[PDB]
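K.L.:
I have a structure I would like to understand better, so I am pasting it below and will then ask my questions one at a time.
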Amino acid sequence: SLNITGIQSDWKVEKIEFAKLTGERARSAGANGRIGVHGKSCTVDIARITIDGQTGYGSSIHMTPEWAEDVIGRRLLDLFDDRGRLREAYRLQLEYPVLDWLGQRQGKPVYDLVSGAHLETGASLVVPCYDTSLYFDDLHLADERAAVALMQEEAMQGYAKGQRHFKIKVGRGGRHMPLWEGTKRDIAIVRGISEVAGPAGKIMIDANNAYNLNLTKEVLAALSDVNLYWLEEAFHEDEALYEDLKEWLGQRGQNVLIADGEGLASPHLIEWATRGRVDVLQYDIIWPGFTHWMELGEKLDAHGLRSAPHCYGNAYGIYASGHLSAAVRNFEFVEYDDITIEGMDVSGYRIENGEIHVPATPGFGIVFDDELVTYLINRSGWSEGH
Ligand SMILES: [Mg+2]
Ligand SMILES: [Mg+2]
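Plus 1 on top of the position in the sequence shown (first one is 1) and you've got the deposited numbering.
What follows is the structure, encoded as structure tokens:
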């Protein structure tokens, strides 16, 4: 719900520029339930848009130079819905540099533009987040007691930077380790980090589909004392099996929410959530993205369902995610991964008390190095202009 009234029909997309910014993760990410080592290396595709002689910056995907050629000249006021929402056709490619621009021009943070009546203007935005960096980093260790320590120490690194909530990767038995040994190792790791997290610490687990329903039940029973907040993708989403699991957790009065949605989602996932089998929805912050999320969040709140936008692989989305919490009431967490992108200043954001602090600086509050971006655009990227 952007405000198209302040927008003039004079304002025109004048130049689109593309660059892939690169970085490192603070600590290398290992394997998950289904695939191998993730690594330390990170990249982000960013577009730089010029309207009315002012530059916007932001994430951009599925945009080839020929996509850009076509959009040049167009009125900014044209790419928007009647209700003040970027048209679908431009959503992935330009939604982020466009929104950034809007804030830059208006001298306002994007979250103020998209504001709900649940939050108020002048009041700071501080959003809960969680540490998502706990991968299968123990697979070189035969000694279960060693593995726990390594995982606890990784968690302490996050605790030291202000993280108080932890998503722990599970499903070691699915592919990478013998099923039983792996499964046991999954439990001992979660038990291990749960100490290191303390009692107020929220623990999430994510199996990246490496379980079935009896494995999940076996795992959850071995964690009934752990402050388990949610359980993410125990197996690919199936209503019947989740209907069996909610009722199972109900019997035992064990309060774990069920989260799902990332990747190639079941096209009936939402409906399954409205029939009460999935509590938390996890579509990616880049794809389908911000504008979709804004539309989706609303429906989700009407149903008293929860919004947890997936984010991993793209640092930029962490910061975007935070802004979205202003447009959705039942927003859950910012999926935080500690990454440093060259040319991408995020120091205006702060991590404290298991919470992310969103700056009042215009747009998405990220300061990009105009120069190195211009250096990268020229070196390996591209430009389209009049
Ligand atoms: Mg996941
Ligand atoms: Mg799934």
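Yeah, the Cβ is synthetic: ideal placement off N, Cα and C, and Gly gets one too.
Excluding sequence positions up to five away, which residues of its chain have a Cβ less than 8 Å from the Cβ of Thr184?
P.N.:
If we look at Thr184 and ignore the five residues flanking it on each side, its Cβ neighbours are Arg173, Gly174, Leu216, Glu219, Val220.
K.L.:
Hey, how far is the Cα of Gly163 from the Cα of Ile169?
P.N.:
Their backbone Cα atoms lie some 17 Å apart in a straight line.
K.L.:
With a threshold of 8 Å (Cβ to nearest heavy atom), would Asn210 be considered close to ligand 2?
P.N.:
Indeed, a heavy atom of ligand 2 lies less than 8 Å from the Cβ.
K.L.:
Please list, in chain order, all residues with a C-beta atom less than 5 Å from at least one heavy atom of ligand 4.
P.N.:
Here the bound small molecules are ligand 1 and ligand 2; ligand 4 is not part of this structure.
K.L.:
List, from N- to C-terminal side, the alpha helix (DSSP H) runs of 4 residues or more that fit wholly inside the region 90 to 147.
P.N.:
Here the runs fully enclosed are 92 to 107, 111 to 114.
K.L.:
At the level of alpha carbons, what is the spacing between residue 392 and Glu145?
P.N.:
No answer is possible for residue 392: the residues shown for the chain start at 2 and end at 387.
K.L.:
CB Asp346 to CB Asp371, shorter than 9 Å?
P.N.:
For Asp346 and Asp371, no; Cβs fall outside 9 Å.
K.L.:
What does the alpha-carbon distance come out to for the pair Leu126 and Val335?
P.N.:
Near 13 Å, if we compare the C-alpha coordinates of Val335 and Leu126.
K.L.:
Please find out if some non-hydrogen atom of ligand 1 comes closer than 8 Å to the beta-carbon of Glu296.
P.N.:
No - ligand 1 has no heavy atom lying nearer than 8 Å to the Cβ of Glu296.
K.L.:
Rank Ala27, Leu95, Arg35 by C-alpha distance to the C-alpha of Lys16 and give the top, closest one.
P.N.:
Nearest of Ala27, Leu95, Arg35 to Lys16, Cα basis: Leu95.
K.L.:
Helix, strand or coil for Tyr160, going by three-state DSSP, please let me know.
P.N.:
Three-state result, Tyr160: helix.
K.L.:
Take residue 1 as the anchor and find which of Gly355, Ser10, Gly364, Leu22 has the nearest alpha-carbon.
P.N.:
This structure does not reach residue 1, given that the chain is present from 2 up to 387, and the question cannot be answered.
K.L.:
Are the CB atoms of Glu296 and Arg75 nearer to each other than 9 Å?
P.N.:
Contact: no.
K.L.:
So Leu77 packs on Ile52, CB below 8 Å; how close in whole Å?
P.N.:
Indeed, because the Cβ distance is near 5 Å, the residues count as touching under 8 Å.
K.L.:
Measuring only the C-alpha atoms, how far is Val171 from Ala223?
P.N.:
The straight-line gap from Cα to Cα measures roughly 13 Å.
K.L.:
What are the partner residues of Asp285, as DSSP defines its beta bridges?
P.N.:
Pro289, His311, per the DSSP bridge assignment.
K.L.:
Would you kindly check if the distance between the Cβ of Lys109 and the Cβ of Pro360 is under 9 Å?
P.N.:
No.
K.L.:
Using a Cβ-Cβ cut-off of 6 Å (strictly less than) and excluding sequence neighbours within five positions of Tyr317, which residues of its own chain qualify?
P.N.:
Correct list, in chain order: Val45, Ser60.
K.L.:
Which runs of the beta strand (DSSP E) at least 3 residues long sit entirely within the region 8 to 86? Give them in chain order.
P.N.:
Within the region 8 to 86, the complete beta strand (DSSP E) runs of at least 3 residues are 14 to 30, 40 to 52, 55 to 60.
K.L.:
State yes or no: is the C-beta of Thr133 within less than 9 Å of the C-beta of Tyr376?
P.N.:
Cβ atoms of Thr133 and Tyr376: not closer than 9 Å.
K.L.:
For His269 versus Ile73, is the C-beta spacing smaller than 9 Å?
P.N.:
Result no, Cβ atoms of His269 and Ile73 do not sit closer than 9 Å.
K.L.:
I'd like to confirm something about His311: is its beta-carbon nearer than 8 Å to some heavy atom of ligand 1, or not?
P.N.:
Yes, ligand 1 has a heavy atom inside 8 Å of this Cβ.
K.L.:
With a threshold of 8 Å on Cβ separation, who are the neighbours of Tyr136 within its own chain once the five nearest residues in sequence on each side are excluded?
P.N.:
Closer than 8 Å at the Cβ level, and outside the excluded window around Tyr136, lie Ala30, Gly31, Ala32, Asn33, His39, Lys170.
K.L.:
Relative to the alpha-carbon of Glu233, which residue among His177, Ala260, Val197, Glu89 has its alpha-carbon at the smallest distance?
P.N.:
The residue with the shortest Cα to Cα distance from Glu233 is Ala260.
K.L.:
I need the straight-line Cα distance from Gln9 to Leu120, nearest angstrom please.
P.N.:
Those two C-alpha atoms are separated by around 28 Å.
K.L.:
Can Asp132 be considered in contact with ligand 1, in the sense that its beta carbon sits closer than 8 Å to one or more heavy atoms?
P.N.:
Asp132 Cβ: outside cutoff for every heavy atom of ligand 1.
K.L.:
Tell me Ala260's beta-bridge partners as DSSP assigns them.
P.N.:
DSSP output for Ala260 lists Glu233, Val281 as bridge partner(s).
K.L.:
Is the beta carbon of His311 closer than 9 Å to that of residue 451?
P.N.:
The structure shown has nothing for residue 451, since the chain only spans 2 to 387.
K.L.:
Can you find the residues in the same chain that come closer than 8 Å, C-beta to C-beta, to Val257, ignoring five residues on each side of it along the sequence?
P.N.:
Answer for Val257: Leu221, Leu229, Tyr230, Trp231, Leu232, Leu250, listed in chain order.
K.L.:
Answer yes or no: the CB of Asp207 versus the heavy atoms of ligand 1, is any distance below 8 Å?
P.N.:
Yes, Cβ of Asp207 sits closer than 8 Å to a heavy atom of ligand 1.
K.L.:
How is the alpha helix (DSSP H) around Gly318 delimited, first residue to last?
P.N.:
Here the alpha helix (DSSP H) through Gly318 covers 317 to 325.
K.L.:
Please name the residue or residues paired with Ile5 in a DSSP beta bridge.
P.N.:
Answer is none; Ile5 lacks a bridge partner.
K.L.:
Just to confirm before moving on: does the CB-CB distance between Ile50 and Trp102 stay below 9 Å?
P.N.:
For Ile50 and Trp102, yes; Cβs fall inside 9 Å.
K.L.:
Residues in the same chain with beta-carbon distance under 7 Å from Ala150, minus the five sequence neighbours each way, listed in chain order, please.
P.N.:
Within the same chain, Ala150 has no close Cβ partners at all.
K.L.:
Relative to the alpha-carbon of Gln55, which residue among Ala198, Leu22, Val99 has its alpha-carbon at the smallest distance?
P.N.:
Nearest option by C-alpha distance: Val99.
K.L.:
Reducing DSSP to helix, strand and coil, say where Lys185 ends up.
P.N.:
Of the three classes helix, strand and coil, the one that applies to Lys185 here is helix, per DSSP.
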